[PDB]
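Quick setup: one chain, the form solved without the DNA, written in structure tokens, and binding and motion questions come after.
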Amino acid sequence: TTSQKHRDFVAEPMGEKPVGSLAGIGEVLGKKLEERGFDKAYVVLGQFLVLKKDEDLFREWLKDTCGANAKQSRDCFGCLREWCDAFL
């Protein structure tokens, strides 16, 4: 199952969308990401790609960086993976 936020994100180029457009990334997680330099969705895409799309390493990085729980990191990973399948 997936949220509408996921489906909205995977359907279109992300351009300059903020980090909060990513599935799983709510207001709390977004503030922390912004505070650490990840202010737009594409910067988080960048990390996903530097980590060679590795699910375990990306979800752990998201936990260490902004405190995402398992569901939140699962949803964020899945939205980036499906976005890449469509556009990359």
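From 1 onward, residues are counted along the sequence shown.
Trainee: Quick one: say whether 40 to 48 or 24 to 32 has the higher mean Cα B-factor in the deposited entry.
Mentor: Going by the record's values, the stretch with the higher mean is 24 to 32.
Trainee: Comparing 64 to 72 with 12 to 20, which has the greater mean CA B-factor as deposited?
Mentor: It is 64 to 72.
The form solved in complex with the DNA is left out here; the points below concern that form.
Trainee: I'd like to know whether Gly46 contacts the DNA in the deposited complex, with contact meaning heavy atoms within 4.5 angstroms.
Mentor: No - in the deposited complex, heavy atoms of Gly46 and the DNA never come within 4.5 Å of each other.
Trainee: Given that the partner is absent here, does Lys32 sit within 4.5 Å of the DNA in the deposited complex, heavy atoms only?
Mentor: Contact with the DNA, yes.
Trainee: Would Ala70 show up as a contact with the DNA in the deposited complex if we use heavy atoms at 4.5 Å?
Mentor: So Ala70 counts as contacting the DNA.
Trainee: At the 4.5 Å heavy atom threshold, is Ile25 in contact with the DNA in the deposited complex?
Mentor: Contact check for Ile25: yes, within 4.5 Å of the DNA in the deposited complex.
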